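Student: Here it is: the structure, laid out below.
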Amino acid sequence: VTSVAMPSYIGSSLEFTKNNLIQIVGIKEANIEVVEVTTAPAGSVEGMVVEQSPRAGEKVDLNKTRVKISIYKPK
């Protein structure tokens, strides 16, 4: 079975998170969706990962899972 635990990316930059998934975890670029969210916990920095699917430590299948990364982009 080619399923690993999802790293915790909350608080990291999008660039780090995307390239970690691709180069270290082995997720295909096609299976990463980036969404911008307008709200985030207090202290969040614009551009930072504030939510992720799968959640930290949950199963991610290297070929099946559609990874979703939410980035804080306030108005």
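Student: Scanning for something within 10 Å of the chain's Cα centre (by Cα), surrounded by fewer than 16 Cβ atoms within 10 Å (Cβ to Cβ) and of a type outside the set (A, V, I, L, M), does the range 23-32 turn up at least one residue?
Tutor: no
Student: Within the range 1-24, how many residues turn out to be of a type in the set (A, V, I, L, M) and in a loop (DSSP other than H, G, I, E, B)?
Tutor: Count: 3.
Student: Residue by residue through the range 33-64, note down the ones that are surrounded by 17 or more Cβ atoms within 10 Å (Cβ to Cβ) and either of a type in the set (V, I, T) or within 13 Å of the chain's Cα centre (by Cα) (or both).
Tutor: Those that are surrounded by 17 or more Cβ atoms within 10 Å (Cβ to Cβ) and either of a type in the set (V, I, T) or within 13 Å of the chain's Cα centre (by Cα) (or both): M48, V49, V50, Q52, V60.
Student: Could you list, in sequence order, all residues of the range 32-59 that are closer than 16 Å to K75 by Cβ and acidic (D, E)?
Tutor: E36, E46, listed by residue number.
Student: I'd like the full set of residues that are hydrophobic (A, V, I, L, M, F, W, C) and part of a loop (DSSP other than H, G, I, E, B), limited to the range 25-63.
Tutor: Of everything in the range 25-63, those that are hydrophobic (A, V, I, L, M, F, W, C) and part of a loop (DSSP other than H, G, I, E, B) turn out to be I27, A40, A42, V45, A56, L62.
Student: Oh, and also: Do any residues in the range 25-43 that are touching a residue at least 40 places away in the same chain (Cβ under 8 Å) have Cβ atoms under 6 Å from those of residues that are of a type in the set (V, I, T) and assigned to a strand (DSSP E or B), where the two are at least six apart or on different chains, and which pairs are they?
Tutor: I27/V67
Bear in mind that the values in this text are calculations on the coordinates, not laboratory data. Neighbour counts run over all protein chains shown; Cβ positions are idealised from the backbone, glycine included.
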